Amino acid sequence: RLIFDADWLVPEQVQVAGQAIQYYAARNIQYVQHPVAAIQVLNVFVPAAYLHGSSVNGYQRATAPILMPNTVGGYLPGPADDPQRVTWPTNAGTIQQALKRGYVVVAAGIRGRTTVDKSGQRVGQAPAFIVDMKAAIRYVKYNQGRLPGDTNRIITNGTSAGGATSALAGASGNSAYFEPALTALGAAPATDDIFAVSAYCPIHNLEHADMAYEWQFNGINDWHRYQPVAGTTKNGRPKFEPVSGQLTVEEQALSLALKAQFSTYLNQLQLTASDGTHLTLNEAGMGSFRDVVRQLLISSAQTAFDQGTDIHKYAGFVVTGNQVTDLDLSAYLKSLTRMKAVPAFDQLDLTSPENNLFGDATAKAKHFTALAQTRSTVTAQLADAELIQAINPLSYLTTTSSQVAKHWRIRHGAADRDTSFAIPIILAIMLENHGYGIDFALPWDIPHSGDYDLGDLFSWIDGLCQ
């Protein structure tokens, strides 16, 4: 069972800039013996050359990297992708380019917070998303040789909640916490540690995201965002409407308290500089850690400016000659604007996507922080601490309960306000602190999105594999 049959691969082609990309596809493959939702299937795409004993970009059937992208967003279900898919959500263009690059692609469907089983019961809440990702990885590795590509070169990719999925897969290789769930699903008898991690704006470290958000936006009392509404625009993308508001005095009080506590949290992480010096924040949110955030934004501006991009758009920067020499971070942030209210993730009334993510068999949603549980405005339960810890990529970096991928590439746009810049920065520094390879950046004027720099992503991948 769960044996991949190469006879399932059928010839296909997709046009890419007047150039035809030939490949083979094997679709809707069940990757566990006992699935609980229709979405639990995966698609396999292989450059045609690998069925001819030939090569592509230096790769061959036996050596080709296996890109495993997911379409998870908002911790909702993520259907198995396809290079010919055009319906939102999709990263079809990335698969097209990957195949052209010579990569094998296995796109697995992933359960989400809204997924229900055969009796109408919720079966997609935490930790379903990572369990499915692992099951798919195990299916791939179990089928080494049968499936084209090098199973020792699996590289996950994802955006937003999907970025957290990718990061978690890389950080929690062969963790025993997920064995019971994987066993129940009848997942393939193989490992799930991967080669590398690609993650765009990973929405992770949820239990500390509210504190990080306020450390960043406290003092900015108006918020602005677009909320999805009924109806869809081109290719299934939901329609959106602008919504804004002003923080109540109570929210402002909560904001200050959350920002204050971020100092304690950040300091106890014991993050360090290359020379071992401890990064910190004072009671007012100032300090060596704040300088790192400032410098990343300065570097972001410098990179864009160096390539001919005009950076006069946001406030706060100081330019001397051709160099960005300083930044009034508070000014930049006000210019950027606040997106979410307070708390930004663990809402007191349990109405956020994250609250729903932490619901379970009997609770539609739960709190995942002591603060929101204590100040809940509705009857509520606090999610299991062990579960919260288990889905936080960071938990595995300060311990030895898994096999962590050695290569990481993380991106978070400088215009992305879905979570504080501190969130991805913490992951990046912690990875460096524990000896793991990390390529990190805050791309100038890039919003909450991903897969916008394929040239660099693939160059990074080829660098690791060649």
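All residue numbers are counted from 1 along the displayed sequence.
### Query
Where do the C-alpha atoms have the higher mean temperature factor in this entry, in 51-59 or in 38-46?
Taking the mean C-alpha B-factor of 51-59 and of 38-46, the larger value falls to 51-59.
### Task
Identify the stretch, either 397-405 or 60-68, whose C-alpha atoms have the larger mean B-factor according to the entry.
On average, C-alpha B-factors are higher across 397-405.
### Task
Among the candidates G93, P189, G173, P127, give the one with the maximum CA B-factor reported in the record.
Reading the PDB entry, the winner on C-alpha B-factor is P189.
### Message
So if I compare the CA B-factors in the entry for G112, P202, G149, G120, which one is the largest?
### Response
In the PDB entry, the greatest C-alpha B-factor among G112, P202, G149, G120 is found at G120.
### CA B-factor placement of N267, once the chain's modelled residues are sorted into thirds
Middle third by C-alpha B-factor.
### Query
In terms of the CA temperature factor given in the entry, to which third of its chain does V86 belong: lowest, middle or highest?
Ranked within chain, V86 CA B lands in the highest tercile.
### Message
Quick check for you: using the entry's CA B-factors within this chain, is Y177 in the lowest, middle or highest third?
### Response
As the PDB entry reports it, the C-alpha B-factor of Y177 lands in the middle third of its chain.
### Query
What third of the chain, by the recorded C-alpha B-factor, contains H208?
Lowest third - that is where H208 ends up once the chain's C-alpha B-factors are sorted.
### Task
Grab the CA temperature factor for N355 from the record and place it in the lowest, middle or highest third of its chain.
Answer is lowest: the recorded C-alpha B-factor places it there.
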